[PDB]
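Just the one chain here, the form solved without the ligand, laid out as C-alpha cells.
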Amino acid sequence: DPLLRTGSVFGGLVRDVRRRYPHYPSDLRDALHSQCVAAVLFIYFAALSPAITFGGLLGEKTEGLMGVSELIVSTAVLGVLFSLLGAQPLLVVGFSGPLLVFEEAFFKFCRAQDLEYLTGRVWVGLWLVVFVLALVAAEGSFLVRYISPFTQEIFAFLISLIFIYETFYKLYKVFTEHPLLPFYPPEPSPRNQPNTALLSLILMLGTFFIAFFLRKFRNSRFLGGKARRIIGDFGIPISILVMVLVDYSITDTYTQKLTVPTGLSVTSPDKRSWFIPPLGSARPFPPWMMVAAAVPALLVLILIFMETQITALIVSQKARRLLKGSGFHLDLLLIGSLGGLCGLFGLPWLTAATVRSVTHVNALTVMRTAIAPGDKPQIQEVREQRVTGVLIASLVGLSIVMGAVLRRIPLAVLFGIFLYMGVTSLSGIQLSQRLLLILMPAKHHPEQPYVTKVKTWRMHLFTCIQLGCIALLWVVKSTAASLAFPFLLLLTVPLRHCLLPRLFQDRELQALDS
C-alpha cells in the first residue's frame, strides 16, 4: 500500500527510503549479465539524438541563450544523480515537447515586458523548489490513486502515436531538401543532391526490418537456446552495425550524419556565462517579478507532476513483474529539487520520458525459455539495477569528446530505430487490442473479461469515447492553445469518476477499466 496516507510529515518519503534502500547491494550485483550491455548500447542511441534535436530547436527559439551543450550537461548530471539516489532507477529523464512550448512562451513573455530571461528562470526554479517541497511534505502524492487506466491508456497511446508521426515527418523533410529532379547541374549544408532521399528511405526500412526479424528470431526453434538468446538480445546493435557498414561502403552519395558540439562550453560565450546571478547582471531585477514568478512555477509543477507520475504508474504495472519496489514520493522530490536548482546555472528542466522508460524496461525483461508449443511467452523476470542508467547518463555526457566515432553514423538508421521503438511501444496497451477487435468478427474475440461480461456494442462505445478524447487532445496540442494541454488531460479524471458511472454499470466499468 504505497499510496496510503500516514498522517505524519514526510511519511511517504521515509517509507519509500526504508522499502528500497536495503536492496542496494542486490541492485549493484544484478547488472553482471550480457543483456545489460545490449540495453546500454540501445538506450544510449535512443537518448542521445532527442537531446541534439531539442537543443537545436531550443537554440532557434531562445536566440542562442540555451542550446545543445546545456541540454547534454543537464541530461548527464540529472540522470546520474537520479539513478544513484532514485527509488525507481529504471526511469530515464530528458526533455520533451511541453517543456519546449513553455520555454518559448516564457521567452516571448520576458521579451515583451523587457525582462531578463535567465533571471526569470532562476526565480521560477526557486518557486518550483518551494512548491515541490511543500507538496511532498504534506503527502500530496496520494492523489495518484485516482488516476485510472483510462487516463494512462489515453496518455500512452497519444504519446506513441505522436512519436511515430514525428519520425515519419522527419523522413518526409529529406524528400523536400533533396528532391528527385530530371537534371542535376554541377555546382552551407548540401542541397539538391542525387540518390540521397531514396538511399535514406532504404536505410531506414532496412534497419527497421532487420531489427524486427532478429527480434522474431528469438522464439523460433533454430540453433541452440543460448545462441538464440544471445542473438536476440543483440538484435538492435547488430542491425545498427550492419546498416552502418552498408552505408560506409557506398562512397559517392551524400548522407546526413550525426553532429555533436566539441568541447565543454556554453552556446553563446559572449552573451552569458555558466553562472546566472539571481539579482541581475546588467539590470536590477524588479521585485514584483520575483513575487509574481509563482504562476509559471505552478504550470511547470503541474506539467512535471503529471508526466512523471503517469510514467511511473505505467512502468510499475502488476503485469510487468516489478518486485523490488516503487517510489512515488522520492522520485518527485528528486526531480523537482534538481530542476529547481538547475535554474541557477541556466540549464533546462527535465522530466521522465515515457517511451524511453518503457523501452528501457522492455530491454531488460527476461522471458521464460520453456515456451509452451504454439503459445505466447510469459514474462519470467525483470532485471532491477542501477548500473545501466548511470552508464547511459555518463555516455550521454561523455559524447562531446567522441565526435569522431559519432560522425560516421547516418540519421536514417536512427529513424528506423525510432520507428521500431514506437511500434513496439504500442503493443503493451489494452486500447490497441480493443481497437483491433473492431475489425475482427464478433465470434473470434478472445476470452478477456471485457468480452464475456460486456456486450459487443457496449465495448465499442468505450473505445469510441477514448478515441474522441485522444483526437481532441491532439487537436488542442496542434493549435495555439497547446499550453493548456496538461490541464485538459487532468480533466479526464473527473470524467471517469463523475460521468462514466452515469452511462455504464459498475460491473461493466470494473471489467472494462482495470
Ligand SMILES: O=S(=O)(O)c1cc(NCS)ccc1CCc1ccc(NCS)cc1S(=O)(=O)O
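Start at 1 with the first residue shown and count on from there.
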| query | What is the count, as a class, of unmodelled deposited residues between residue 187 and residue 188: none, 1 to 3, 4 to 9, or 10 or more? | reply | 10 or more
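Just so you know, the form solved in complex with the ligand exists too; it's not on screen, but the next bit is about it.
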| task | Would you check, heavy atoms only and a 4.5 Å threshold, whether residue 166 touches the ligand in the bound PDB entry? | result | yes
| request: Using the partner position in the bound PDB entry, report whether residue 98 sits within 4.5 Å of the ligand, counting heavy atoms only. | output: yes
| said: I'd like to check something about residue 170: if you look in the bound PDB entry, is any of its heavy atoms closer than or equal to 4.5 Å to a heavy atom of the ligand? | reply: yes
| request: Although the ligand is absent from this view, report whether residue 53 comes within 4.5 Å of it in the bound PDB entry, heavy atoms only. | output: yes
| query | Is every one of 162, 477 and 485 in contact with the ligand in the bound PDB entry, taking contact as a heavy atom within 4.5 Å? | reply | yes
| field | in the bound PDB entry, segment of 144 to 152, 79 to 87, 99 to 107, 423 to 431 with a heavy atom within 4.5 Å of the ligand | value | 99 to 107
